[PDB]
$ cat query.tsv   # TSV, C-alpha atoms
chain	number	residue	atom	x	y	z
J	91	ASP	CA	128.55	62.94	118.37
J	92	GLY	CA	127.09	64.80	115.41
J	93	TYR	CA	128.14	68.00	113.66
J	94	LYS	CA	130.46	70.36	115.53
J	95	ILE	CA	129.79	74.03	116.21
J	96	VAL	CA	133.27	75.43	116.83
J	97	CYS	CA	133.10	79.06	117.97
J	98	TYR	CA	136.09	81.41	118.14
J	99	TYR	CA	136.06	83.88	121.04
J	100	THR	CA	138.44	86.84	120.79
J	101	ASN	CA	139.74	88.52	123.94
J	102	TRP	CA	140.23	91.96	122.36
J	103	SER	CA	136.45	92.05	121.89
J	104	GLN	CA	136.44	92.99	125.58
J	105	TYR	CA	137.59	96.46	124.54
J	106	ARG	CA	134.68	97.26	122.23
J	107	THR	CA	132.26	100.07	123.10
J	108	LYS	CA	128.49	100.12	123.37
J	109	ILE	CA	126.73	97.63	121.11
J	110	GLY	CA	130.21	96.29	120.41
J	111	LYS	CA	131.01	95.37	124.03
J	112	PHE	CA	131.35	91.63	124.57
J	113	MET	CA	132.16	89.41	127.56
J	114	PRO	CA	132.42	85.61	127.99
J	115	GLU	CA	129.09	85.63	129.88
J	116	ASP	CA	127.41	86.84	126.68
J	117	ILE	CA	128.02	83.34	125.31
J	118	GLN	CA	125.19	80.84	125.77
J	119	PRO	CA	126.70	77.61	127.20
J	120	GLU	CA	124.65	75.51	124.76
J	121	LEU	CA	125.43	77.61	121.67
J	122	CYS	CA	128.62	75.81	120.65
J	123	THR	CA	130.09	72.33	120.99
J	124	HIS	CA	133.53	73.94	121.15
J	125	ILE	CA	134.90	77.34	122.16
J	126	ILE	CA	138.37	78.41	121.05
J	127	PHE	CA	140.09	81.18	123.00
J	128	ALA	CA	141.98	83.58	120.73
J	129	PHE	CA	144.63	83.96	121.58
J	130	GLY	CA	147.35	82.58	123.79
J	131	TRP	CA	150.91	83.74	123.21
J	132	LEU	CA	154.56	82.70	123.16
J	133	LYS	CA	157.09	83.73	125.84
J	134	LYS	CA	160.64	82.44	125.74
J	135	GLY	CA	159.52	79.65	123.42
J	136	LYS	CA	156.77	78.60	125.83
J	137	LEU	CA	152.98	78.78	125.88
J	138	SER	CA	151.80	81.82	127.82
J	139	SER	CA	149.13	84.52	128.13
J	140	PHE	CA	148.55	87.43	125.76
J	141	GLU	CA	148.18	89.66	128.81
J	142	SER	CA	147.35	89.52	132.54
J	143	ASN	CA	143.63	90.10	131.91
J	144	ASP	CA	143.35	86.54	130.62
J	145	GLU	CA	144.87	85.16	133.82
J	146	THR	CA	143.23	84.96	137.25
J	147	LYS	CA	145.10	86.87	139.96
J	148	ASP	CA	144.37	88.30	143.43
J	149	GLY	CA	140.74	87.21	143.57
J	150	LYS	CA	140.17	88.88	140.21
J	151	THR	CA	138.83	86.31	137.74
J	152	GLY	CA	140.43	86.32	134.29
J	153	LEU	CA	138.94	85.71	130.85
J	154	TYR	CA	140.24	82.12	130.78
J	155	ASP	CA	138.22	81.12	133.84
J	156	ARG	CA	135.19	83.12	132.72
J	157	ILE	CA	135.17	81.26	129.40
J	158	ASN	CA	135.71	77.88	131.07
J	159	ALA	CA	132.97	78.58	133.64
J	160	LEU	CA	130.45	78.00	130.84
J	161	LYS	CA	131.30	74.30	131.16
J	162	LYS	CA	129.60	74.28	134.57
J	163	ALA	CA	126.26	74.99	132.87
J	164	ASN	CA	127.20	72.82	129.86
J	165	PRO	CA	129.56	69.96	130.80
J	166	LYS	CA	129.38	68.69	127.30
J	167	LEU	CA	131.23	71.88	126.13
J	168	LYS	CA	134.87	71.74	125.02
J	169	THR	CA	137.31	74.60	125.19
J	170	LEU	CA	140.64	75.01	123.42
J	171	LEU	CA	143.39	77.62	123.59
J	172	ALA	CA	144.55	79.01	120.25
J	173	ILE	CA	148.09	80.18	119.59
J	174	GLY	CA	148.92	82.31	116.56
J	175	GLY	CA	146.72	84.64	114.54
J	176	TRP	CA	147.51	87.74	112.50
J	177	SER	CA	149.35	89.70	115.21
J	178	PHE	CA	151.47	86.70	116.21
J	179	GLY	CA	153.19	86.54	112.84
J	180	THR	CA	155.42	83.77	111.51
J	181	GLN	CA	158.87	84.17	113.06
J	182	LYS	CA	158.00	82.79	116.51
J	183	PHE	CA	156.50	79.69	114.88
J	184	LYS	CA	159.60	79.29	112.70
J	185	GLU	CA	161.79	79.44	115.78
J	186	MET	CA	159.50	77.14	117.76
J	187	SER	CA	159.37	74.39	115.09
J	188	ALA	CA	162.93	74.67	113.68
J	189	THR	CA	164.55	72.14	116.04
J	190	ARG	CA	163.37	69.29	118.26
J	191	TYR	CA	164.54	71.09	121.40
J	192	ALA	CA	162.38	74.16	120.71
J	193	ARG	CA	159.37	72.03	119.77
J	194	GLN	CA	159.68	69.83	122.88
J	195	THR	CA	160.16	72.94	125.03
J	196	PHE	CA	156.93	74.41	123.69
J	197	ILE	CA	155.01	71.13	124.00
J	198	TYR	CA	156.03	70.39	127.59
J	199	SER	CA	155.25	74.00	128.44
J	200	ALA	CA	151.88	73.67	126.73
J	201	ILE	CA	150.59	70.55	128.48
J	202	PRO	CA	150.63	71.89	132.06
J	203	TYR	CA	149.57	75.37	130.89
J	204	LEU	CA	146.41	73.85	129.41
J	205	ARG	CA	145.72	71.43	132.27
J	206	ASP	CA	146.16	74.01	135.05
J	207	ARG	CA	143.68	76.35	133.34
J	208	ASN	CA	141.05	73.73	132.47
J	209	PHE	CA	141.48	73.89	128.69
J	210	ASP	CA	140.54	70.76	126.75
J	211	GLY	CA	142.90	71.36	123.84
J	212	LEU	CA	145.27	73.43	121.72
J	213	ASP	CA	144.55	75.19	118.43
J	214	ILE	CA	147.45	76.03	116.11
J	215	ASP	CA	146.89	79.23	114.11
J	216	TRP	CA	150.15	79.67	112.18
J	217	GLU	CA	149.55	82.32	109.51
J	218	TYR	CA	151.16	80.89	107.61
J	219	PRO	CA	153.83	78.21	107.20
J	220	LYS	CA	155.67	78.87	103.93
J	221	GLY	CA	158.44	77.00	102.13
J	222	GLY	CA	159.82	73.47	102.48
J	223	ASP	CA	161.34	74.01	105.91
J	224	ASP	CA	158.11	75.38	107.37
J	225	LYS	CA	156.20	72.65	105.52
J	226	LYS	CA	158.21	69.83	107.13
J	227	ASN	CA	158.62	71.47	110.57
J	228	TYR	CA	154.90	72.26	110.93
J	229	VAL	CA	154.22	68.55	110.45
J	230	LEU	CA	156.91	67.70	113.00
J	231	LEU	CA	155.32	70.13	115.47
J	232	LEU	CA	151.81	68.69	115.06
J	233	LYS	CA	153.21	65.15	115.21
J	234	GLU	CA	155.19	65.59	118.42
J	235	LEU	CA	152.36	67.59	120.01
J	236	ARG	CA	149.95	64.78	119.15
J	237	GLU	CA	152.18	61.99	120.48
J	238	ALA	CA	152.83	63.92	123.70
J	239	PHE	CA	149.09	64.45	124.18
J	240	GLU	CA	148.45	60.75	123.53
J	241	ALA	CA	151.08	59.73	126.10
J	242	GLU	CA	150.01	62.25	128.75
J	243	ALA	CA	146.37	61.17	128.46
J	244	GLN	CA	147.24	57.57	129.31
J	245	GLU	CA	149.63	58.53	132.11
J	246	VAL	CA	147.33	60.93	134.00
J	247	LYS	CA	144.14	59.01	133.12
J	248	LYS	CA	142.20	61.97	131.74
J	249	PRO	CA	140.46	62.62	128.40
J	250	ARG	CA	143.13	63.45	125.81
J	251	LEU	CA	143.91	67.08	125.03
J	252	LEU	CA	142.60	67.93	121.57
J	253	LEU	CA	144.93	69.16	118.84
J	254	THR	CA	143.45	71.32	116.10
J	255	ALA	CA	144.57	73.97	113.63
J	256	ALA	CA	143.20	76.90	111.64
J	257	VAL	CA	144.09	76.48	107.97
J	258	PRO	CA	143.83	78.76	104.89
J	259	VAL	CA	141.74	78.43	101.72
J	260	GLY	CA	144.25	79.93	99.28
J	261	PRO	CA	145.66	77.27	96.90
J	262	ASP	CA	149.14	78.82	96.91
J	263	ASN	CA	149.28	79.06	100.72
J	264	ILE	CA	148.08	75.47	101.03
J	265	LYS	CA	150.58	74.18	98.46
J	266	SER	CA	153.48	76.17	99.93
J	267	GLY	CA	153.02	75.42	103.61
J	268	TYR	CA	150.82	72.37	104.12
J	269	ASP	CA	151.64	68.67	103.88
J	270	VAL	CA	147.93	67.83	103.99
J	271	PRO	CA	147.97	64.04	104.62
J	272	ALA	CA	150.26	64.18	107.67
J	273	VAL	CA	148.72	67.41	108.96
J	274	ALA	CA	145.21	65.94	108.77
J	275	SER	CA	146.40	62.68	110.33
J	276	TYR	CA	147.91	64.38	113.38
J	277	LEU	CA	144.99	66.76	114.05
J	278	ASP	CA	141.72	65.82	115.75
J	279	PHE	CA	139.86	68.23	113.48
J	280	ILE	CA	140.58	70.98	110.98
J	281	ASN	CA	139.28	74.54	111.23
J	282	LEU	CA	139.05	75.69	107.61
J	283	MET	CA	139.28	79.48	107.49
J	284	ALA	CA	136.58	79.79	104.82
J	285	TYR	CA	136.73	83.59	104.69
J	286	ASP	CA	138.92	86.50	103.54
J	287	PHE	CA	138.61	85.14	100.00
J	288	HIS	CA	138.45	88.77	98.89
J	289	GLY	CA	139.13	92.15	100.47
J	290	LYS	CA	140.57	95.65	100.12
J	291	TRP	CA	143.89	94.18	98.98
J	292	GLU	CA	142.03	93.66	95.69
J	293	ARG	CA	141.15	96.25	93.05
J	294	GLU	CA	137.61	95.10	92.48
J	295	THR	CA	134.79	94.17	94.79
J	296	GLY	CA	134.73	90.55	95.88
J	297	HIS	CA	132.80	88.60	98.48
J	298	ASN	CA	134.37	87.67	101.82
J	299	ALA	CA	133.22	84.06	101.57
J	300	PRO	CA	131.44	83.09	98.34
J	301	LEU	CA	130.16	79.51	98.38
J	302	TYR	CA	130.64	79.38	94.62
J	303	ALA	CA	132.76	81.77	92.56
J	304	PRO	CA	130.91	84.34	90.39
J	305	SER	CA	131.05	83.76	86.60
J	306	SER	CA	132.84	87.13	86.24
J	307	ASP	CA	135.93	85.62	87.99
J	308	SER	CA	138.96	84.68	85.91
J	309	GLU	CA	139.92	81.01	85.88
J	310	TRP	CA	142.47	81.65	88.62
J	311	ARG	CA	140.01	83.53	90.85
J	312	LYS	CA	137.39	80.80	90.55
J	313	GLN	CA	139.53	78.77	92.97
J	314	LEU	CA	138.56	81.32	95.61
J	315	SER	CA	135.33	79.81	96.92
J	316	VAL	CA	134.33	77.79	99.99
J	317	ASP	CA	133.31	74.79	97.87
J	318	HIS	CA	136.55	74.69	95.87
J	319	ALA	CA	138.71	75.20	98.97
J	320	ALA	CA	137.00	72.49	101.03
J	321	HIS	CA	137.07	70.01	98.15
J	322	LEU	CA	140.71	70.96	97.58
J	323	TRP	CA	141.51	70.01	101.17
J	324	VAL	CA	139.68	66.72	100.68
J	325	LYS	CA	141.58	66.08	97.43
J	326	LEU	CA	144.91	66.61	99.19
J	327	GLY	CA	144.28	63.98	101.86
J	328	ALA	CA	142.07	65.54	104.53
J	329	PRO	CA	139.13	63.38	105.69
J	330	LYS	CA	135.77	65.09	105.12
J	331	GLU	CA	134.57	64.62	108.70
J	332	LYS	CA	137.66	66.40	110.03
J	333	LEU	CA	137.02	69.53	107.96
J	334	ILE	CA	135.12	72.09	110.03
J	335	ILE	CA	134.03	74.79	107.61
J	336	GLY	CA	134.55	78.41	108.62
J	337	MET	CA	131.69	80.89	108.75
J	338	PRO	CA	132.28	84.64	109.14
J	339	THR	CA	130.10	86.78	111.38
J	340	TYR	CA	131.81	89.62	109.55
J	341	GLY	CA	131.95	91.12	106.07
J	342	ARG	CA	134.60	92.59	103.80
J	343	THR	CA	134.13	96.15	102.57
J	344	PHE	CA	135.13	98.29	99.59
J	345	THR	CA	134.61	101.85	98.44
J	346	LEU	CA	133.19	101.85	94.91
J	347	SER	CA	134.98	103.92	92.27
J	348	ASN	CA	131.48	104.59	90.95
J	349	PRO	CA	128.34	104.09	93.09
J	350	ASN	CA	126.42	103.10	89.94
J	351	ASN	CA	128.69	100.10	89.34
J	352	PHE	CA	127.92	98.10	92.47
J	353	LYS	CA	127.87	94.45	91.36
J	354	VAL	CA	130.53	91.90	92.28
J	355	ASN	CA	133.85	92.44	90.47
J	356	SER	CA	133.19	96.18	90.13
J	357	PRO	CA	136.12	98.65	90.30
J	358	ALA	CA	136.97	99.85	93.81
J	359	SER	CA	139.21	102.68	95.01
J	360	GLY	CA	140.06	100.91	98.26
J	361	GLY	CA	138.58	99.52	101.45
J	362	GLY	CA	135.22	100.53	102.87
J	363	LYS	CA	135.03	103.14	105.60
J	364	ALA	CA	135.62	101.83	109.13
J	365	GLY	CA	132.75	100.84	111.41
J	366	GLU	CA	131.98	102.45	114.75
J	367	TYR	CA	132.77	99.38	116.85
J	368	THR	CA	135.38	97.35	114.97
J	369	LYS	CA	137.19	100.52	113.83
J	370	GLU	CA	138.97	98.95	110.85
J	371	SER	CA	138.84	99.98	107.19
J	372	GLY	CA	137.86	97.08	104.93
J	373	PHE	CA	136.13	95.22	107.74
J	374	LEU	CA	132.68	95.14	109.36
J	375	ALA	CA	131.02	93.07	112.08
J	376	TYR	CA	127.67	91.48	111.19
J	377	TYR	CA	125.70	93.81	113.48
J	378	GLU	CA	127.29	96.83	111.79
J	379	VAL	CA	126.09	95.47	108.44
J	380	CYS	CA	122.69	95.08	110.10
J	381	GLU	CA	122.85	98.73	111.16
J	382	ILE	CA	123.57	99.67	107.55
J	383	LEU	CA	120.67	97.57	106.22
J	384	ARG	CA	118.23	99.14	108.69
J	385	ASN	CA	119.30	102.67	107.73
J	386	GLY	CA	118.95	103.02	103.96
J	387	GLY	CA	121.27	100.26	102.78
J	388	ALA	CA	120.44	98.19	99.71
J	389	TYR	CA	120.41	94.38	99.81
J	390	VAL	CA	121.58	92.17	96.94
J	391	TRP	CA	121.43	88.37	96.91
J	392	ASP	CA	123.98	86.85	94.56
J	393	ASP	CA	122.49	83.52	93.52
J	394	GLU	CA	125.67	82.42	91.75
J	395	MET	CA	127.77	82.87	94.87
J	396	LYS	CA	124.81	82.05	97.13
J	397	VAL	CA	125.74	85.04	99.29
J	398	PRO	CA	124.57	88.62	99.96
J	399	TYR	CA	126.21	92.01	99.66
J	400	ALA	CA	124.93	95.37	100.89
J	401	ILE	CA	125.29	98.74	99.18
J	402	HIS	CA	125.08	102.18	100.79
J	403	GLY	CA	126.25	105.01	98.55
J	404	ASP	CA	129.76	104.03	97.47
J	405	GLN	CA	130.09	101.61	100.39
J	406	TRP	CA	130.01	97.96	99.33
J	407	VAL	CA	130.03	95.09	101.83
J	408	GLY	CA	130.15	91.39	101.04
J	409	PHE	CA	128.74	89.47	103.99
J	410	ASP	CA	126.86	86.41	105.26
J	411	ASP	CA	123.27	86.40	106.50
J	412	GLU	CA	120.91	83.76	107.91
J	413	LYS	CA	119.94	82.73	104.37
J	414	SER	CA	123.49	82.18	103.10
J	415	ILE	CA	124.49	80.59	106.41
J	416	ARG	CA	121.61	78.08	106.27
J	417	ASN	CA	122.41	77.30	102.64
J	418	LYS	CA	126.03	76.72	103.69
J	419	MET	CA	124.87	74.37	106.45
J	420	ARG	CA	122.90	72.40	103.88
J	421	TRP	CA	126.04	72.36	101.72
J	422	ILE	CA	128.04	71.11	104.71
J	423	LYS	CA	125.60	68.26	105.32
J	424	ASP	CA	125.46	67.41	101.61
J	425	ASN	CA	129.25	67.16	101.47
J	426	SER	CA	129.58	65.18	104.73
J	427	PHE	CA	131.90	67.68	106.42
J	428	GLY	CA	132.47	67.64	110.18
J	429	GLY	CA	130.59	70.82	111.02
J	430	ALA	CA	130.73	74.60	111.15
J	431	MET	CA	133.41	76.87	112.61
J	432	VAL	CA	132.66	80.52	113.44
J	433	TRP	CA	134.75	83.68	113.29
J	434	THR	CA	133.62	85.03	115.52
J	435	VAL	CA	131.10	84.50	118.31
J	436	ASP	CA	131.45	88.14	119.37
J	437	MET	CA	130.48	89.66	116.02
J	438	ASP	CA	127.14	87.88	115.67
J	439	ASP	CA	124.05	89.73	116.87
J	440	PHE	CA	124.72	88.36	120.36
J	441	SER	CA	122.43	90.79	122.20
J	442	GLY	CA	119.60	90.11	119.75
J	443	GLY	CA	118.60	93.77	119.56
J	444	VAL	CA	120.51	95.09	116.55
J	445	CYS	CA	119.36	93.24	113.43
J	446	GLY	CA	115.62	93.40	114.13
J	447	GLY	CA	114.62	89.75	114.39
J	448	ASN	CA	114.91	89.85	118.18
J	449	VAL	CA	116.99	86.67	118.16
J	450	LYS	CA	120.23	86.32	120.11
J	451	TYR	CA	122.94	84.84	117.89
J	452	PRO	CA	120.81	84.55	114.73
J	453	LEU	CA	123.65	83.25	112.54
J	454	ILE	CA	125.28	80.76	114.91
J	455	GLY	CA	121.81	79.84	116.13
J	456	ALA	CA	120.92	79.06	112.53
J	457	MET	CA	124.05	76.91	112.25
J	458	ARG	CA	123.19	74.97	115.40
J	459	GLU	CA	119.61	74.64	114.14
J	460	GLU	CA	120.47	73.25	110.71
J	461	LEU	CA	123.30	71.00	111.91
J	462	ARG	CA	122.11	69.84	115.33
J	463	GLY	CA	118.31	70.29	115.25
J	464	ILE	CA	118.16	72.77	118.11
J	465	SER	CA	115.62	75.48	117.62
J	466	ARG	CA	116.56	79.14	118.15
J	467	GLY	CA	113.17	79.58	119.78
J	468	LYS	CA	109.43	79.63	119.15
J	469	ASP	CA	109.01	82.84	117.23
J	470	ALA	CA	112.58	83.07	116.00
J	471	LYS	CA	112.38	84.05	112.34
J	472	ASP	CA	115.22	85.04	110.01
J	473	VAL	CA	115.38	88.64	108.84
J	474	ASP	CA	114.16	88.85	105.25
J	475	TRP	CA	116.47	91.67	104.16
J	476	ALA	CA	115.06	91.74	100.62
J	477	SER	CA	111.81	92.99	102.15
J	478	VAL	CA	113.31	94.93	105.07
J	479	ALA	CA	116.01	96.83	103.18
J	480	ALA	CA	116.07	98.84	99.96
J	481	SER	CA	116.58	97.33	96.50
J	482	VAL	CA	119.00	98.45	93.79

$ encode --input "query.tsv" --output "structure tokens"
Amino acid sequence: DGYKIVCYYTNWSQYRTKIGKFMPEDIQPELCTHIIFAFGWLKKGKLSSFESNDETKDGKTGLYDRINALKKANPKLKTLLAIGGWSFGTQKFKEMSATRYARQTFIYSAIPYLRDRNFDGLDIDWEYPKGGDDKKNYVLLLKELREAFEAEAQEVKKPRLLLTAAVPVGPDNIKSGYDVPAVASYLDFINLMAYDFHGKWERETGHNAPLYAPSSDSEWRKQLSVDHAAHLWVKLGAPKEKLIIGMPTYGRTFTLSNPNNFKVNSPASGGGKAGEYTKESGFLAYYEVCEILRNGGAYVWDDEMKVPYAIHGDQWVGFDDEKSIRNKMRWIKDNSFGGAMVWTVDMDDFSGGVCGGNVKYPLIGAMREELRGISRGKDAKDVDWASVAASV
């Protein structure tokens, strides 16, 4: 009952160093209504593990069990296993959904794989189906998965395995690969990837997840906003309550061609310089942005896009803070959507000692607070960056 807080946990986050080191036990059992494990993998057309670390062997407990152990403290919590993602690619999905034999093989591999490891569902993260064949076969996959789950649930007398999917916000991707009515019908809920609207693949600075598009955007670009994307999914046949709106605990970075031209849609030479912990050009975790803001960085609130960006020299980072997150929760409630999804749970200020507010999971905590009325704590106040950081 109520709004969902669907949190993505990424296994590779186990490899991060110092402030960036994250383990399943760092997740508060009551933080999320759902936890999605990213990722599973595909082996010989069957559901399998990314690597042996996820699995439990020889007394050594794997990441699967450590994630699912949170349900012992919070029996209300739901966990799902995600298959797909950026690394996974498209070809394996094309092969899996091309024929009924391959689909059925995957499905009947997937059911016991999930049951034996105490997962409550499956999350499909195909990035992305493209073309008529993919469009039709994706629907067939979701359909047959759903019917198999429905049947299994009644046969074994257990709560039905959930079927969800992570879907894009780009109009062309949506049009090319997604038969929205059927897709929405066959899924329990829909994880809208409301981020990566803009990034280093673009010549000018743009926000990672603008609620509304800036007036400087061309007519085509203006489609690239959370509001437009969500309402687009509704327009195409997706029920509002099934749309779980994505929220990034990360920001997209650029290097300015000129440090004096630092507004949105300003010329950039490329991606921003890589962070210490995520180690990827054009990308920053939220706590890295916090580090920037507490060490000379300038804070700018864009009131058109309802989102902040930070500037340090020629480094420009479009990100989400407690303010923009809360505003987005209000937007969610105003539009009657199903809740908030999070990418990720391991890039929030999970330790509570980086951003300054001394609050563990300030962003996701804010989401849970606005949507579900659970306080983050007695003296838990948002960081007012406009006062804390420098101005332009």

$ closest_residue --input "query.tsv" --among "J:362, J:357, J:211, J:463" --to "residue 125 of chain J" --atoms "all atoms listed in the file"
J:211

$ closest_residue --input "query.tsv" --among "J:231, J:380, J:173, J:395" --to "residue 306 of chain J" --atoms "all atoms listed in the file"
J:395

$ residues_around --input "query.tsv" --residues "segment 247-261 of chain J" --least-positions-apart "2" --cutoff "8 Å" --atoms "all atoms listed in the file" --output "ChimeraX atom specification"
/J:170,210-216,232,235-236,239-240,242-245,263-265,276-285,287,313-314,316,319-320

$ residues_around --input "query.tsv" --residues "residue 119 of chain J" --least-positions-apart "2" --cutoff "7 Å" --atoms "only C-alpha atoms" --output "CSV table (one decimal) with C-alpha atoms, in the coordinates of the input"
chain,number,residue,atom,x,y,z
J,117,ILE,CA,128.0,83.3,125.3
J,121,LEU,CA,125.4,77.6,121.7
J,160,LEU,CA,130.4,78.0,130.8
J,161,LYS,CA,131.3,74.3,131.2
J,163,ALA,CA,126.3,75.0,132.9
J,164,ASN,CA,127.2,72.8,129.9

$ residues_around --input "query.tsv" --residues "residue 227 of chain J" --least-positions-apart "6" --cutoff "10 Å" --atoms "all atoms listed in the file" --output "list in words"
residues 183, 184, 186, 187, 188, 189, 190, 193, 219, 233 and 267 of chain J

$ closest_residue --input "query.tsv" --among "J:422, J:415, J:375, J:388" --to "residue 482 of chain J" --atoms "only C-alpha atoms"
J:388

$ closest_residue --input "query.tsv" --among "J:354, J:479, J:397, J:322" --to "residue 384 of chain J" --atoms "all atoms listed in the file"
J:479

$ atom_distance --input "query.tsv" --atom1 "atom CA of residue 91 of chain J" --atom2 "atom CA of residue 332 of chain J"
12.8 Å

$ closest_residue --input "query.tsv" --among "J:355, J:434, J:343, J:138" --to "residue 308 of chain J" --atoms "all atoms listed in the file"
J:355

$ closest_residue --input "query.tsv" --among "J:442, J:165, J:429, J:296" --to "residue 352 of chain J" --atoms "only C-alpha atoms"
J:296

$ atom_distance --input "query.tsv" --atom1 "atom CA of residue 427 of chain J" --atom2 "atom CA of residue 445 of chain J"
29.3 Å

$ atom_distance --input "query.tsv" --atom1 "atom CA of residue 404 of chain J" --atom2 "atom CA of residue 347 of chain J"
7.4 Å

$ closest_atom_pairs --input "query.tsv" --of "segment 294-390 of chain J" --to "segment 455-458 of chain J" --cutoff "12 Å" --atoms "all atoms listed in the file" --output "tab-separated table"
residue	atom	partner	partner_atom	distance
J:335	CA	J:457	CA	11.2
J:336	CA	J:457	CA	11.2
J:337	CA	J:457	CA	9.3
J:338	CA	J:457	CA	11.7
J:339	CA	J:457	CA	11.6

$ residues_around --input "query.tsv" --residues "residue 153 of chain J" --least-positions-apart "6" --cutoff "8 Å" --atoms "all atoms listed in the file" --output "ChimeraX atom specification"
/J:101,114,143-146

$ residues_around --input "query.tsv" --residues "residue 341 of chain J" --least-positions-apart "5" --cutoff "10 Å" --atoms "all atoms listed in the file" --output "MDAnalysis selection string"
chainID J and resid 285:286 288:289 297:299 372:376 378:379 398:400 406:411

$ build_atoms --input "query.tsv" --residues "segment 372-383 of chain J" --atoms "N, CA, C and O atoms" --output "mmCIF file, in the coordinates of the input"
data_model
loop_
_atom_site.group_PDB
_atom_site.id
_atom_site.type_symbol
_atom_site.label_atom_id
_atom_site.label_comp_id
_atom_site.auth_asym_id
_atom_site.auth_seq_id
_atom_site.Cartn_x
_atom_site.Cartn_y
_atom_site.Cartn_z
ATOM 1 N N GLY J 372 137.895 98.318 105.690
ATOM 2 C CA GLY J 372 137.860 97.080 104.930
ATOM 3 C C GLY J 372 137.223 95.939 105.686
ATOM 4 O O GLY J 372 137.247 94.795 105.235
ATOM 5 N N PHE J 373 136.635 96.248 106.839
ATOM 6 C CA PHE J 373 136.130 95.220 107.740
ATOM 7 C C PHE J 373 134.856 95.707 108.429
ATOM 8 O O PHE J 373 134.767 96.868 108.827
ATOM 9 N N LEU J 374 133.872 94.820 108.570
ATOM 10 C CA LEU J 374 132.680 95.140 109.360
ATOM 11 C C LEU J 374 132.156 93.924 110.113
ATOM 12 O O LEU J 374 132.151 92.822 109.585
ATOM 13 N N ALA J 375 131.712 94.125 111.350
ATOM 14 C CA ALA J 375 131.020 93.070 112.080
ATOM 15 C C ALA J 375 129.631 92.890 111.476
ATOM 16 O O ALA J 375 129.143 93.773 110.771
ATOM 17 N N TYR J 376 128.995 91.754 111.748
ATOM 18 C CA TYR J 376 127.670 91.480 111.190
ATOM 19 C C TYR J 376 126.612 92.475 111.667
ATOM 20 O O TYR J 376 125.749 92.886 110.889
ATOM 21 N N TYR J 377 126.682 92.870 112.935
ATOM 22 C CA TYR J 377 125.700 93.810 113.480
ATOM 23 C C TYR J 377 125.850 95.219 112.904
ATOM 24 O O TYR J 377 124.883 95.978 112.849
ATOM 25 N N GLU J 378 127.059 95.558 112.466
ATOM 26 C CA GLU J 378 127.290 96.830 111.790
ATOM 27 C C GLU J 378 126.635 96.815 110.412
ATOM 28 O O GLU J 378 126.023 97.804 109.986
ATOM 29 N N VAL J 379 126.757 95.682 109.724
ATOM 30 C CA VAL J 379 126.090 95.470 108.440
ATOM 31 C C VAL J 379 124.579 95.563 108.643
ATOM 32 O O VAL J 379 123.865 96.143 107.820
ATOM 33 N N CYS J 380 124.100 94.992 109.746
ATOM 34 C CA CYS J 380 122.690 95.080 110.100
ATOM 35 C C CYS J 380 122.258 96.527 110.300
ATOM 36 O O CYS J 380 121.183 96.924 109.852
ATOM 37 N N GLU J 381 123.101 97.308 110.973
ATOM 38 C CA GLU J 381 122.850 98.730 111.160
ATOM 39 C C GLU J 381 122.726 99.450 109.819
ATOM 40 O O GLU J 381 121.845 100.289 109.631
ATOM 41 N N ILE J 382 123.621 99.116 108.894
ATOM 42 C CA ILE J 382 123.570 99.670 107.550
ATOM 43 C C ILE J 382 122.253 99.324 106.842
ATOM 44 O O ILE J 382 121.603 100.191 106.256
ATOM 45 N N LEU J 383 121.866 98.054 106.913
ATOM 46 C CA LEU J 383 120.670 97.570 106.220
ATOM 47 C C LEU J 383 119.372 98.136 106.795
ATOM 48 O O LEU J 383 118.355 98.183 106.105
#
